[PDB]
Amino acid sequence: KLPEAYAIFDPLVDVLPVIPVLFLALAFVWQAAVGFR
Amino acid sequence: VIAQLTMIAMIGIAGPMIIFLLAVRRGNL
Amino acid sequence: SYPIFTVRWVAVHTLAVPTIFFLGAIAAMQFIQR
Amino acid sequence: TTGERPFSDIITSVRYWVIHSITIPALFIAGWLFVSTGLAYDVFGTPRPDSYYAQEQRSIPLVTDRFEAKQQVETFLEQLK
Amino acid sequence: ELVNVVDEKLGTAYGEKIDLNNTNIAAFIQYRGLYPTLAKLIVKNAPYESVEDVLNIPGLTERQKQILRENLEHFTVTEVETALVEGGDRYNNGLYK
Amino acid sequence: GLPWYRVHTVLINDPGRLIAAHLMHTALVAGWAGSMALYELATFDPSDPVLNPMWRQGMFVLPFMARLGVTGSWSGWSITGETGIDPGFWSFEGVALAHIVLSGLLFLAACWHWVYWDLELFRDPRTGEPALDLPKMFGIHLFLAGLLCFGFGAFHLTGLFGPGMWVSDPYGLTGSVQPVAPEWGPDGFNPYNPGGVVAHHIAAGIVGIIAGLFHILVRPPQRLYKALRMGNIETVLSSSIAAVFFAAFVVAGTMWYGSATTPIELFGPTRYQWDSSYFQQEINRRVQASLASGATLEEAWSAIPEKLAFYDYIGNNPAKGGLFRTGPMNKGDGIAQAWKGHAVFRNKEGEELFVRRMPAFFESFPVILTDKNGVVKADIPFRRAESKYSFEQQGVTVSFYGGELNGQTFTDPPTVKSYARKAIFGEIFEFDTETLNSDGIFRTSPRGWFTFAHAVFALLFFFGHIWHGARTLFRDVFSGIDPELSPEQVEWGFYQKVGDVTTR
Amino acid sequence: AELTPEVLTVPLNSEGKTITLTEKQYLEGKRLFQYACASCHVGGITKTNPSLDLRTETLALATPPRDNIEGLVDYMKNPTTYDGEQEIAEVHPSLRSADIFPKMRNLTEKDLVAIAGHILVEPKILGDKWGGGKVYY
Amino acid sequence: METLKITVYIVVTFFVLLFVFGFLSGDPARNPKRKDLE
Amino acid sequence: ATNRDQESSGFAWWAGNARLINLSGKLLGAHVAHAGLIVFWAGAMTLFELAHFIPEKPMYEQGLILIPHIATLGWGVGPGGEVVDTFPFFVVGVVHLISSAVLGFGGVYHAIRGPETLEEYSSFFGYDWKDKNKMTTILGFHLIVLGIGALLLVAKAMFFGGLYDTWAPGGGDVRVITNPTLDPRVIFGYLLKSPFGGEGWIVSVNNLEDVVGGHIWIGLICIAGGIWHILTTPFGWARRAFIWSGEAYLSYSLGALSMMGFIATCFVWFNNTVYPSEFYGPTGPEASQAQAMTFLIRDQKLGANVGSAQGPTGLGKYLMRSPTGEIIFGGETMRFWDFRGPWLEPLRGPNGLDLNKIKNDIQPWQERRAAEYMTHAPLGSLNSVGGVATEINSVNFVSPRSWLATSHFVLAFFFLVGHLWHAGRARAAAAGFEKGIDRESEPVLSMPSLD
Ligand code: CLA
Ligand code: CLA
Ligand code: CLA
Ligand code: CLA
Ligand code: CLA
Ligand code: CLA
Ligand SMILES: CC1=C(/C=C/C(C)=C/C=C/C(C)=C/C=C/C=C(C)/C=C/C=C(C)/C=C/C2=C(C)CCCC2(C)C)C(C)(C)CCC1
Ligand SMILES: CC1=C(/C=C/C(C)=C/C=C/C(C)=C/C=C/C=C(C)/C=C/C=C(C)/C=C/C2=C(C)CCCC2(C)C)C(C)(C)CCC1
Ligand SMILES: CC1=C(/C=C/C(C)=C/C=CC(/C)=C/C=C/C=C(C)/C=C/C=C(C)/C=C/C2=C(C)CCCC2(C)C)C(C)(C)CCC1
Ligand SMILES: CC1=C(/C=C/C(C)=C/C=C\C(C)=C\C=C\C=C(C)\C=C\C=C(C)\C=C\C2=C(C)CCCC2(C)C)C(C)(C)CCC1
Ligand SMILES: [Ca+2]
Ligand SMILES: [Ca+2]
Ligand SMILES: [Cl-]
Ligand SMILES: [Cl-]
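Chains as they are written, first to last, in full-length UniProt numbering: chain A, 10 to 46; chain B, 18 to 46; chain C, 12 to 45; chain D, 4 to 84; chain E, 38 to 134; chain F, 2 to 505; chain G, 27 to 163; chain H, 1 to 38; chain I, 11 to 461.
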């Protein structure tokens, strides 16, 4: 567990590691917005 | 479980939000 | 300018309405406890 | 092209999403309720988690007679008290 | 005339009871108080001419002698079968679960 | 020139040499029939229709001769086991000889039609080009086939002018060739009813005559002539191949499941008779009936015919063979000599024990004995160290009733185990394994080989059908597609209807 | 079939007393078993000593008897060989050896009661499968 | 067995040196178009 | 928008980053933002692990891969690898996660706002791929940076608390390394050892002195090479040997990273020194050996004479000889006789496993360890069901060694594929036919027929 003071942030901490994958997904949203030119 | 889904939705939306904002303001996409 | 209900429309639909419903049933299932 | 409307025009139109923001969730919820009300079990004859065995039994209710199979199954269902 | 000696031995008391001279040690788990201490002493001090000879094993406690007497009815002895006792098979006979 | 796989296409516009080729083929097939019959007669032992019938001996054409009434040899024996019978000319030998002669005559005719291919008969009187009027030919041949089918049903199968057909009891104990009356009620469509076969041939024969007359007299609709390319002989090839693979799948099916035309005395029992323990049930019924009439166990079991006991044995199950396990069943388990009798297993308490039978699926199977209620009492353990059910622990014994071993009891565990091992196969037999150097491995019967060959050929002929249907319907493009093909015919939205240029 | 109160009713002691476990207790028992025991005792066997299983009859023939709640809890505090002769905490997980078996460190009395309950109830459900090993999978 | 060992070691070394010096011998220039890659 | 479409750039969207080859500013952006992604992952993953960490449960039972890395460095752990303080893990995670914001900031800046090319902005930061000297110079800077990092490992080991030593006398513990191995015969001796069984090349490093001294050597080598490359330009033979372009250098780096990936796979699968089993779980060999140990112990307790116990095959049921005669565990684990671990070595004598030590000297802690490792063998399903493929659901376990070996084999392999792809493409492009054959000048048409 995280130090007691940080406990309220457990749910955020649970989700953070996944964020880098969203960047790959973001590349496609972006490319979709410029029509894959 | 609700806090996790809420953080996911804010972070997940942030990207498409950046793209949408730039598309709206004729940004350098 | 374009027709709406085509043979294509029928085909798309018979493959789509069932899957939407099915997926919703499956998702219902994910919570069932023994 | 074949004469029907391009998919991209349809799925990028407002009308489409007006229709389908209604129709898609409706079907999804209908499926959900198909399971959550337990109707799926009744329609297909699938055992619920408490209807595989009688309390003490450990023998599979295997169908053993072709032409009295229906009756065998019904009997199996009765023995679940 | 060729005979499988283990199968043959199953037709003796070996097939009905714990044979102190042949049976693998895990069998002693079948009855209260025999495993592993007494089981070990029994296997270690085999073979026995008779069941009651198990009582003469050196260093036994009175409690141990008691348990043995209570379980003599579950024991037997037959001739040592080389095939069952070689290879240390009485301690591990290649059978698990 | 022509690629190797197209050499026979030279016959397509050569009716005379096509006829010649067919004659040669027919000669080859008839010669095969004669040769096969002669080899089988040269190898067949007729001395024991009980435990060494033809189907144990890898006989393939002999059962088909037997099926239609050829049961005797010029040498004096019959397949039903009679002596001193005079079968006349139409013994197995007479049939073989007839087929050989036929083969030769057909060969000569083939030579004639090959040399004299250019007959005026084969030319179209208008164009002077070679031409066959296939629809009318169809009418003629259909009519002829009808007459033959009818005649076969009405005279041969009825016994009105002919020998009849092979028929038996439901357990294949007393089979013989008998006249069979047609069954005109719905049981005529029961596959196991021979009368149905007779009524079939009479009625379908008449229908063939009528439809044949129709096809002689009535020309094809222009629309069907055009659609099915009825001027192109390869269409006939295509549909004939389709019909033929259909028939082959059907005979494969009736061979595997059994029918009145696939009797177990000619082809062997089915796998399903083993599956349902059909003969075991009949044997037990007869034994119980014997015991109820006051017979001893010994007497009751001794009254069971050896042939019936022999049917209740997995080595005669056609689903126990191997693709490359070649030859007669006798080459495997041996030549059956005698029933040893029924083995009854008992434990030291005297309870009767029953050996669990081997299902067809299993090349090998454990030896497990249960009481009447299926509770395990004995087995042959793999691991011994924690064995609880060994024959030795349970003092299993075996007593035999009926057969060679009638009245004997064995108590020594090796022998009892040996008989239990044999009991997994059902009733236990003594075999001659020396005569044929039998290797002890089950082989299938002619039922199995027939079924295999015909299911495979039927399946391949499905490809044949597809191929020639394609060649027929796409003749115009089979050297390739139009060099000046309009990209507009292929791009979408140019024609409302695909291919149609008048829909721009 | 259902997980009835009857099924969840197991011997509390060797004297004829039973306890009825709650569904929550059973699920907790399964969870704690997975946590502390299943690495060795998956399905009721013992991987580092397959001669000894967790079948009820076997626990019943252990010394002292282990086919009840009190016996199993005691085993979890002070484990012995099958005959009771030597104490084996030093090579077996227990409260007594929670220093060298750290997964025992936070197990409460209630936890041990739950585990014991899982161990006695499981065979009533799974039958021969429990302690049966691969033969019965 | 030592002799076989030495023989194989020498053979292998010989071919490995062929491979290495071979690819060091102006390999980029050995193509049908643009040769000046240095 | 300069070059960002296929018509201008010559590259389709799916090869979009190839548009970046000669735009040093946006390319710098890409690199920095990516480094941001890596650091971000280290941080977030560390904090996730810590948030999920139950300190009394073994790490390897909890799906941890980063915390074991921090622990191996001596942070947060004491005797037997027990967790005494979780705060250093928290620090590592937090500091990475905070640093990733910075890298991300610079990356986004350079990628969308900063100068698209750097050459006109600055002659120091600008570069031409075809400029061999500038390439070796930047290469030199990075070599110096890596050398420094290796010396940071040395520093941690020697001056800042030491490293976790599984081999520490009296049991595994954090230990300060005061006498790192500097003898080049040992250090490069590792580089000259067979990669095959019982040798295992660098994967065989089995003591922290060798690791640390090795990092002293790597540190100095890297700094010296960095200086070398800043002060030199490529010799003629190298000029004629290589293709000199961005994609080519990329291909070289891809081949290198593939190789390193395979090495890491073997390292985490076999080595239990820099990957302590206290943190990562037993190795496959370790757990098999542990099984043999476990039953040798059980059966010996029952009275078995394990040295003389003949197995079904004729080989010793518990103990046999290796092909060079060493006494080794029997059964299938005969293959794993090259295994070495602190729980087993006290039973080892000059001739291998010592029968007298086995009879008399096996301690309860050894039995415990063998049982634990035997029952935490690195076998499990993709859905993390622990044990053999036929095991029933019950145990939630897949060893970290398996996750890291499998992951890094997959990555190393695809990186070999990448290497082939880019080396070949770089060759074709340098030679001028990467886009296809000139119809009017098809080389084969000017070649004589083969026959
Ligand atoms: C319908 C066809 C048929 C059937 C069902 C039988 C069945 C029977 N005959 Mg018979 N036989 C046949 C045709 C047939 N035969 C023919 C045409 C001849 C003349 C050569 C013979 C000659 C003959 C003799 C001489 C004998 C038999 C015997 C027997 C029996 C033994 C069967 C056996 O062991 O086969 C074994 C079957 C196989 C090993 C399967 C062969 C599979 C081939 C090799 C596959 C080829 C694959 C191919 C090359 C792949 C191409 C790929 C490419 C397209 C890419 C059996 C009852 C024997 C008997 O016992 O008589 C008393 C006996 O002695 N037969
Ligand atoms: C009544 C049955 C029948 C008939 C009359 C034909 C007739 C014809 N076939 Mg056809 N065919 C058939 C069944 C039949 N096929 C079946 C069932 C298949 C699927 C397996 C095919 C597949 C087929 C193909 C793929 C092709 C033909 C073609 C041809 C034509 C030229 C054949 C040739 O030149 O080969 C000459 C053959 C040889 C020189 C040697 C063949 C050796 C075989 C493969 C092995 C040995 C066979 C053995 C002797 C036969 C035993 C008898 C068997 C029934 C057990 C010809 C019109 C070809 C065609 O249309 O050309 C334009 C062509 O391409 N056929
Ligand atoms: C994959 C299967 C298949 C395919 C692709 C073809 C394709 C071809 N066949 Mg056909 N054919 C087939 C199977 C097939 N056949 C079968 C199984 C038979 C029975 C022997 C035939 C008999 C046949 C003949 C006699 C002829 C063709 C011809 C043709 C060609 C023209 C198309 C046509 O006539 O279709 C035929 C239509 C079908 C195959 C579809 C039938 C659909 C049925 C009626 C549905 C029945 C439902 C059923 C009653 C439900 C109850 C099920 C029950 C189990 C409870 C063409 C090359 C002709 C030819 O080659 O011209 C050049 C031609 O004369 N075929
Ligand atoms: C590691 C992942 C990665 C990275 C670092 C890059 C880097 C870059 N890509 Mg990309 N790319 C990627 C993956 C990646 N790519 C993938 C997977 C694809 C295939 C879908 C592509 C396809 C692609 C194409 C087709 C192209 C690029 C190009 C570019 C560059 C300019 C992008 C642009 O102009 O922004 C325009 C977009 C925006 C202004 C929208 C916002 C984008 C920002 C960066 C998002 C930042 C979000 C972040 C959470 C903010 C944190 C800030 C905080 C620290 C304060 C840029 C250097 C282009 C290039 O080559 O130009 C010469 C180009 O044409 N890329
Ligand atoms: C690979 C790393 C890298 C590189 C090569 C560059 C290169 C460049 N940056 Mg920079 N930049 C980076 C990372 C990097 N940046 C990051 C992470 C950020 C976010 C904080 C920025 C933010 C940034 C801005 C906001 C700007 C630049 C610009 C510049 C240019 C001029 C820099 C200068 O004059 O320094 C001169 C030297 C100094 C000012 C002293 C440097 C002190 C350093 C930080 C000491 C610590 C070094 C230490 C070893 C780093 C280890 C980090 C490691 C743990 C990852 C130059 C092209 C400018 C530009 O492009 O103008 C148009 C510009 O305005 N960059
Ligand atoms: C990432 C770091 C890095 C990189 C990319 C380079 C890259 C470059 N260096 Mg090197 N260099 C480095 C670090 C690095 N160096 C360091 C740390 C040092 C100090 C020790 C040096 C010292 C150095 C010198 C002294 C020289 C180079 C040279 C060169 C260039 C040609 C190298 C080449 O041909 O290698 C290919 C390698 C060979 C041809 C050696 C023989 C190949 C054998 C057969 C391979 C055996 C290895 C095998 C895979 C197994 C490994 C285990 C083995 C030890 C048993 C090249 C530009 C040369 C140059 O031109 O300088 C300007 C040059 O002379 N470098
Ligand atoms: C039988 C029946 C019949 C008929 C019915 C039908 C017809 C049905 C239909 C319906 C259908 C029709 C179904 C639906 C569906 C599908 C699903 C169930 C869903 C889904 C999706 C998915 C899940 C996907 C995903 C994945 C993949 C696959 C792809 C991509 C990737 C991913 C990951 C995304 C009748 C009544 C007459 C009578 C009797 C009975
Ligand atoms: C170029 C581009 C690309 C990419 C992008 C990127 C890669 C960028 C980056 C980077 C990144 C990486 C970003 C970020 C994030 C970070 C941050 C934002 C930091 C902060 C942190 C926090 C805030 C902390 C807090 C904490 C505390 C301290 C303790 C514990 C708890 C907590 C967790 C709360 C793409 C594909 C889109 C495409 C186009 C272009
Ligand atoms: C820390 C460590 C230590 C130490 C380390 C060492 C000291 C190592 C090293 C260094 C090194 C020393 C490494 C390596 C190798 C190198 C490379 C990797 C090579 C490659 C080459 C190339 C690649 C070339 C290519 C080709 C040729 C072949 C021919 C011609 C053309 C070309 C040039 C292209 C130890 C282990 C004790 C312990 C643990 C830790
Ligand atoms: C001419 C002359 C003569 C003679 C004739 C003859 C001498 C006879 C014959 C015939 C013959 C004597 C020949 C034959 C037949 C055979 C064949 C034709 C067969 C074939 C075979 C098959 C085809 C098979 C195939 C395969 C294999 C081989 C095995 C397995 C698989 C199968 C089966 C598929 C006479 C006096 C009559 C008079 C008239 C004229
Ligand atoms: Ca429930
Ligand atoms: Ca023989
Ligand atoms: Cl047991
Ligand atoms: Cl083993």
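Ideal placement from N, C-alpha and C gives every residue a C-beta, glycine not left out.
Exercise. Output yes if chain B places a C-beta closer than 8 Å to the C-beta of A/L35; else output no.
Key: Taking a beta-carbon distance threshold of 8 Å, A/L35 counts as an interface residue toward chain B.
Self-check item: Interface flag, D/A43 vs chain C, CB-CB below 8 Å
Solution: By this cut-off, D/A43 is an interface position.
Quiz item: Should H/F21 be labelled buried (16 or more other beta-carbon atoms within 10 Å of its own) or exposed?
Solution: By the neighbour-count criterion, in which a residue is buried when 16 or more other Cβ atoms sit within 10 angstroms of its Cβ, H/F21 is exposed.
Quiz prompt | Inter-stretch contact (C-beta, 8 Å, three-pair minimum) for the stretch 54-68 of chain F and the stretch 249-269 of chain F | solution = Contact between the stretch 54-68 of chain F and the stretch 249-269 of chain F is present, because at least three Cβ pairs lie under 8 Å.
Quiz prompt | Cutoff 6 Å; reference F/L437; Cβ partners in own chain excluding five residues on either side | solution = Taken in chain order, the residues that qualify are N331, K332.
Quiz item: Skipping 5 residues on each side, what residues in its chain have a beta carbon closer than 6 Å to that of F/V399?
Solution: Around F/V399, the same chain offers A344, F346, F411, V417, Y420 as residues with beta carbons nearer than 6 Å, after the five sequence neighbours per side are excluded.
Practice problem: Look at the Cβ atom of F/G316, then the Cβ atom of F/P447, and state whether they are nearer than 8 Å. | Solution: Cβ distance not < 8 Å, so F/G316 and F/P447 don't count as in contact.
Quiz item: Beta carbon of F/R230: closer than 7 Å to some heavy atom of ligand 3?
Solution: Because some heavy atom of ligand 3 lies under 7 Å away, the Cβ of F/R230 counts as near it: yes.
Practice problem: Grab the span of the beta strand (DSSP E) containing E/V114 for me, first residue to last. | Solution: Run containing E/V114: none; DSSP gives neither H nor E here.
Quiz prompt | Within-8 Å CB hit, D/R61 to chain G | solution = D/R61 counts as touching chain G.
Quiz item: Whose beta carbon lies closer than 6 Å to any heavy atom of ligand 2, going through the chain in order?
Solution: Residues flagged by the Cβ proximity filter: F/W5, F/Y6, F/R7, F/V8, F/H9, F/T10, F/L238, F/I242, F/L461, F/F462, F/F464, F/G465, F/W468, F/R472.
Quiz item: Residues with a Cβ closer than 5 Å to any heavy atom of ligand 10, in chain order?
Solution: In chain order, the qualifying residues are F/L29, F/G32, F/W33, F/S36, F/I101, F/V102, F/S104, F/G105.
Quiz item: What are the start and end residues of each continuous alpha helix (DSSP H) run of 4 or more residues lying completely inside the stretch 355-422 of chain I, in chain order?
Solution: Runs found: 365-370, 374-384.
Exercise. Per DSSP, which residues does H/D27 bridge with? Please list them.
Key: H/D27 is not bridged to any residue.
Self-check item: In DSSP terms, what F/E353 is bridged to
Solution: Per the DSSP secondary-structure output, F/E353 pairs in a beta bridge with F/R347.
Exercise. Taking C-beta pairs closer than 7 Å, name the residues in chain G that E/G96 reaches, listed in chain order.
Key: Scanning chain G for C-beta atoms nearer than 7 Å to the C-beta of E/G96 yields nothing, as the closest lies near 13 Å away.
Quiz item: Which residues, in order along the stretch 37-54 of chain I, keep a beta-carbon less than 7 Å from a beta-carbon of chain A?
Solution: Answer set for the stretch 37-54 of chain I: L47, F50, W51, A54.
Practice problem: Look up I/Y174 in the DSSP assignment and give the residues it is bridged to. | Solution: In the DSSP output, where bridge partners are listed per residue, I/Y174 has I/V184.
Quiz item: Per DSSP, I/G326 is paired with what?
Solution: Beta-bridge partners assigned by DSSP to I/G326: I/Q320.
Exercise. Using a threshold of 8 Å, state whether the C-beta atoms of F/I217 and F/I101 are closer than that.
Key: Not in contact: F/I217 and F/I101 (Cβ atoms no closer than 8 Å).
Exercise. Give the DSSP-derived three-state secondary structure of I/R331 in the structure shown.
Key: The answer is strand: DSSP assigns I/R331 an E or B state.
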